[PDB]
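**Q** missing the sequence, but the structure's below:
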């Protein structure tokens, strides 16, 4: 069967051209550096020199998948991906990967699913019609600045979503089992916030807030805002000054 291989500890970088992609999927301890630009797309891979033949770069229906193929890689020293595309509508990251967007991001929609201990960092302004963020398996997401019409934030099981600054017209915030949403920095006129189980949501509704809690989870908001709530459990909905 497939050979078991391992990195020889000598990192090398290879740069090649890459086809058009608008979606990214990867699973594993990969440092993935992305930029949105009109420049000729390239992909730059850093991995142990003897592992480059096993590096998988595959684009199907504009979905880019990066990982390994052709052998079972028992160990690698580091795995860095640096690439760019004109458009980006989706990112699926898993397995303790680091996804970093080092450019502003634009488009009708941006959907991000961060699972199993990943770290997603959107370091520059995200300006989209709809921003759909999902975290599970203790993954973490940090968004420095956003501007959107519809914002959807959801955490399942565990993990955190930190939305440092920005604006949304409507936001749906949800925490199930456990998790933390840190979004005091995002001003939103219409907010829907729901916690089922444990958790903590920090939010900034500027007109109306619909809050639902079942369990010990807490909703803390900065207003002024009108509030309609339904709480079953020890958790509470409270304003912070």
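**A** Good, I have the coordinates. Numbers count the residues shown, from 1 in each chain.

**Q** In its sheet, which strands sit next to the helix or strand harbouring residue 108, and in what direction?
**A** Remark: residue 108 resides in strand 105-114, with elements defined by DSSP states H and E. Applying DSSP bridges, strand 105-114 is found paired with strand 90-94 (parallel), strand 126-136 (parallel).

**Q** What are the buried residues along that strand?
**A** By neighbour count with 16 or more other CB atoms under 10 Å, strand 105-114 contains the buried residues 105, 107, 110-114. The way it works is simple: take the backbone N, C-alpha and C, and place the C-beta from them, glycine included.

**Q** Can I get these in TSV including distance to residue 193?
**A** Compiled in TSV, these are given as follows (distance: CB to CB, whole Å):
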residue	distance to residue 193
105	25
107	26
110	21
111	20
112	20
113	21
114	20
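
**Q** biggest separation within these, which pair?
**A** Considering CB to CB, no two members of the buried residues of strand 105-114 lie farther apart than 107 and 114, which are separated by 18.3 Å.

**Q** so what's residue 238 closest to, chain neighbours aside?
**A** With CB to CB, 6 or more residues apart in numbering as the measure, residue 220 is the residue that lies nearest to residue 238, at 5.9 Å, once sequence neighbours are left out.

**Q** so the one you found, which of the three states?
**A** When the structure is split into helix, strand and coil by DSSP: H, G, I helix; E, B strand; the rest coil, residue 220 lands in strand.

**Q** how many other residues sit next to it?
**A** The number of residues packed near residue 220 is 14, by other CB atoms under 10 Å.

**Q** That one is in contact with residue 203, isn't it?
**A** Yes: under the contact definition of CB atoms under 8 Å, residue 220 touches residue 203, with a separation of 7.4 Å.

**Q** Stretch 54-74: which residues count as buried?
**A** Across stretch 54-74, burial judged by 16+ other CB under 10 Å covers 54-55, 57, 64-68, 73.

**Q** what about that stretch, how long is it end to end?
**A** With CA to CA, to the nearest Å as the measure, the first residue of stretch 54-74 is 12 Å from its last.

**Q** Make 19 the starting number, not 1.
**A** Sure, I'll start numbering at 19, so the last one becomes stretch 72-92.

**Q** Off-centre distance for it?
**A** Per CA atoms, centre = their mean, to the nearest Å, the displacement of stretch 72-92 from the mean C-alpha position of its chain is 21 Å.

**Q** what do you get for stretch 194-207?
**A** Shown here is stretch 194-207, whose average C-alpha point lies 14 Å from the average C-alpha point of the whole chain (CA atoms, centre = their mean).

**Q** can you list contacts of that stretch?
**A** The list of residues contacting stretch 194-207 from outside it, by CB atoms under 8 Å, 6 or more residues apart in numbering, reads 153, 164, 169, 171-189, 191, 193, 214-226, 240, 258.

**Q** Can you say which of the residues you listed are buried?
**A** When the contacts of stretch 194-207 are checked against 16+ other CB under 10 Å, the ones flagged as buried are 153, 164, 169, 171-181, 184-186, 189, 191, 193, 214-223, 240.

**Q** Inside strands: which ones of these?
**A** 153, 164, 169, 171-174, 177-181, 184-186, 189, 191, 193, 214-215, 218-223 (DSSP state E).

**Q** first vs last residue of stretch 132-145, how far apart are they?
**A** 20 Å.

**Q** swap that for stretch 249-259, please
**A** End-to-end distance of stretch 249-259 (CA to CA): 21 Å.

**Q** so who does residue 25 touch?
**A** Residue 25 sits next to 65-66, 68-69, 91, 93-95 when contact means CB under 8 Å, 6+ apart.
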